[PDB]
Each structure stands twice: as structure tokens, then as C-alpha cells.
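What follows is one structure encoded as C-alpha cells, with my remarks underneath.
In this chain, numbering begins with 1 at the start of the sequence shown.
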Amino acid sequence: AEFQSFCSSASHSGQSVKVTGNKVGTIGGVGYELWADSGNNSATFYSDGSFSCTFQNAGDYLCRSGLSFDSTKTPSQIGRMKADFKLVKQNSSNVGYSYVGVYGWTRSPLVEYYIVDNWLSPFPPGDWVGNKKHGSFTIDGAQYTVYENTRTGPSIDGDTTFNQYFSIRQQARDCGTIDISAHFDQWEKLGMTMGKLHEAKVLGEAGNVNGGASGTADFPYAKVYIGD
């Protein structure tokens, strides 16, 4: 079969919570965060992991759901991780950059990481995402372009500087399983060391360096797990 079964059945279920300010929390046993630097935004998070996002006049907006860790263990110490997701795009405007897929951070080193399978922008993110283009790699059965960057901005530690790691899928995917640890393995081969893990979540991010981006997106399936 070409696609995962959840691609045919995904539906929001469980209890939910709507958030409209910057907020980290849990719903059931699912970690969530809504964060934006600006704008009039929201997200709805469900206890089955699924979620939905709205953003208005935002410079950088992130909606994300999944795993929250305590920054004590590397990914290899934690175990092999995966994310199942389904994205349904809706209208947006003035989206200068966007990432959909898996996201998180490490500490020691401080890293913001992305596995990007789709985007809410009109075109995929380009070479501007980082100063170092490692090139094309077969990761998790598909072609990804791998980049690294050093960025200054808000972080889990406060305003500072951090590395960024990116895998950008060469052809968009709107439903499937991201083998997160397979990306981490590739990154380690390229000198992109993972520190102690802070989180691993399904993400929708949209922003504009000058604009405020506006729009909405739906994630009728989103599950991050330590397992096969």
C-alpha cells in the first residue's frame, strides 16, 4: 500500500484545549505549545495528539504537539522515535517562510531542529534556511536536502544564539510517518551532533521577516512516539 492507514481515517478525537496566548502545557498525555512573537493567534490541541492552528499578523508563529523531555538524555539514550502526521492546508497570506513536520530542541549543544515534509508558504523553503548546505541524502526512503545554520533569536534558554539543523523533503508529503531518529543518524554523520533532547513535536510554523503572516492549518493526525 502506498499510504499509512491513518491517512484514510484521521479524525480529531479526545478532550481538547484552545489556547490564544503563548502557552506550554499538556492535554491528556500530549505536550503542546503555542508560541508567536506577535499577532492574534490560536491553536486547539486534542488528547489524541491531533491539533489545529490559526495565525493573524504574526512575524513568527509555531503550533506544535508531541513529546516534552527534561533535557537530560540524548536521542540515542531515549530510543528510536517516530511521528505519524496528516496535514490539511487551508487559506493563508503573506507567509514568507513556513515549515511543517517534526521540530524540537537540544541543549549542550543548543540546537533548534526541523524535519520538514511540507510548508504553508507558496513554495518550499530554499537555500536561505542555512549557511551550510550539506546536500541531498536519502533519508527514511525519500530525498531530503540537509542544511545547518547558526541563528540568533528567542530560544528555550532565552534570547541567545543556537545552531539549527534542517532536513527539507524534496517533494512535499501531507501524510505519513517521519522516522525522526533516521534523520538524527544522518545529521550525526555530517557533524550535526544532537545534545540532550528537550522535545520532539509535530509542527506547523509560519512567519514573515517583515510581514505578519496570516492563515490556518489542520493536523487531523499527529502522534509522536518512542517505538517501531
Ring center gap for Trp105 and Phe162 short of 6.0 angstrom: yes
Give the intermediate values and the outcome of side chain to side chain contact (heavy atoms under 4.5 Å, CB included) for residues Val19 and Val17. CA-CA 6 Å; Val19 299; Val17 63; 4.3 Å; yes
Are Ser214 and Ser93 linked by a side-chain donor-acceptor pair shorter than 3.5 Å? no
Output field: ring centroids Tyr113/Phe184 closer than 6.0 Å: yes
How are the rings of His12 and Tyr46 set to each other: parallel, tilted or perpendicular (split at 30° and 60°)? parallel
Crowding at CZ, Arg173 (>12 non-hydrogen neighbours, <6.0 Å): yes
Membership question, hydrophobic clusters at under 4.5 Å side-chain separation (ILVMFWY): are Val202 and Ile78 in the same one? yes
Is the count of non-hydrogen atoms from other residues, nucleotides or ligands lying under 6.0 Å from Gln171 atom CD greater than 12? no
Can you confirm whether the side chains of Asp48 and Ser50 place a donor and an acceptor under 3.5 Å from each other? yes
Is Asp127 salt-bridged to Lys133, going by a charged N under 4.0 Å from an acidic O? yes
Shared hydrophobic cluster for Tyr165 and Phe137 (ILVMFWY, side-chain gaps under 4.5 Å): yes
Should we say atom CD of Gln15 is surrounded by more than 12 heavy atoms from elsewhere, each under 6.0 Å from it? no
So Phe51 and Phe219, would you call those rings parallel, tilted or perpendicular, with 30° and 60° as cut-offs? parallel
Please tell me whether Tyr114 and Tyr103 form a close aromatic pair, meaning their ring centres lie under 6.0 Å apart. yes
Same cluster or not: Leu197 versus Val24, using hydrophobic residues (I, L, V, M, F, W, Y) connected whenever any side-chain heavy atoms lie under 4.5 Å apart? no
Can you check whether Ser167 reaches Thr145 side chain to side chain, under 4.5 Å on heavy atoms? no
Do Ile180 and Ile115 have side chains that approach each other closer than 4.5 Å (heavy atoms only, starting at C-beta)? yes
Verdict with reasoning, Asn118 to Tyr99, per side-chain hydrogen bond (donor to acceptor under 3.5 Å, both in side chains): CA-CA 6 Å; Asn118 215 323; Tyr99 310 111; over 6 Å; no
Please determine whether salt bridge (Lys or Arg N to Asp or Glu O under 4.0 Å) holds for the pair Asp174 and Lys86, giving the CA-CA distance in whole Å, both sets of side-chain angles, and the decisive distance to 0.1 Å. CA-CA 6 Å; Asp174 66 0; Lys86 184 175 183 180; over 6 Å; no
Do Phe55 and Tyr61 make the cut of ring centroids closer than 6.0 angstrom? yes
Name the atoms and distances for all side-chain donor-acceptor pairs under 3.5 Å in residues 188-196, with sequence neighbours left out.
| from | atom 1 | to | atom 2 | distance (Å) |
| --- | --- | --- | --- | --- |
| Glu188 | OE2 | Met194 | N | 2.9 |

